[PDB]
Amino acid sequence: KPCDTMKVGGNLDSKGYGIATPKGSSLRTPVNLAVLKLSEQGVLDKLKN
Amino acid sequence: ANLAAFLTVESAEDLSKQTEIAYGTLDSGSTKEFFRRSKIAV
């Protein structure tokens, strides 16, 4: 609300929301695979709704 | 006047809400798999 906003037109560029870690993080890879796992179920997509 | 004006000058939701047009995917494809596993209600 107040629902006075509307998205018109396609995207002007491409952006991906990804989980960020300091260059070469120890969790960098485990979090990538866990992200993968949650993306494999697309938990993120339900969380969107 | 309006005769004049009227002489001078569709979505995934739509597919889901109908069945008249046999809408489908590759029977042997990841597209079919997208739908078989989609967590989206629609």
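With ideal geometry, Cβ positions are generated from the backbone for all residues, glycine too; neighbour counts draw on all protein chains shown. Every read-out reported here was derived from the displayed coordinates using simple, explicitly stated rules and does not represent laboratory data.
Laid out as a table, the results:
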| item | result |
| --- | --- |
| Segment B:14-41 - residue that is within 16 Å of A:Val43 (Cα to Cα) and aliphatic (A, V, I, L, M) and, of those, surrounded by the most Cβ atoms within 10 Å (Cβ to Cβ) | B:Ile40 |
| A:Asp4 farther than 28 Å from B:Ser30 by Cβ and either surrounded by 10 or more Cβ atoms within 10 Å (Cβ to Cβ) or among the charged types (D, E, K, R) (or both) | yes |
| Qualifying residue in segment B:6-22 (condition: away from chain A (no Cβ under 14 Å) and in contact with a helix residue (DSSP H, G or I) (Cβ under 7 Å, 6 or more places away or on another chain)) | no |
| Residue satisfying all of: in segment A:13-26; farther than 26 Å from B:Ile40 by Cα and of a type in the set (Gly, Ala, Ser); farthest from the other protein chains (Cβ to nearest Cβ) among these | A:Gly24 |
| One residue from B:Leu26, B:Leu3 being assigned to a helix (DSSP H, G or I) and away from every other protein chain (no Cβ under 14 Å) | B:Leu3 |
| Of the criteria (1) more than 14 Å from chain B (Cβ to nearest Cβ); (2) under 24 Å from B:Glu33 (Cα atoms); (3) surrounded by fewer than 10 Cβ atoms within 10 Å (Cβ to Cβ); (4) of a type outside the set (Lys, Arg), which one A:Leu47 fails | (1) |
| Filter result for A:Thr29 (out of contact with any strand residue (DSSP E or B) (no Cβ under 8 Å at 6 or more places or on another chain), over 20 Å from B:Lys39 (Cα atoms), away from chain B (no Cβ under 14 Å) and in a helix (DSSP H, G or I)) | yes |
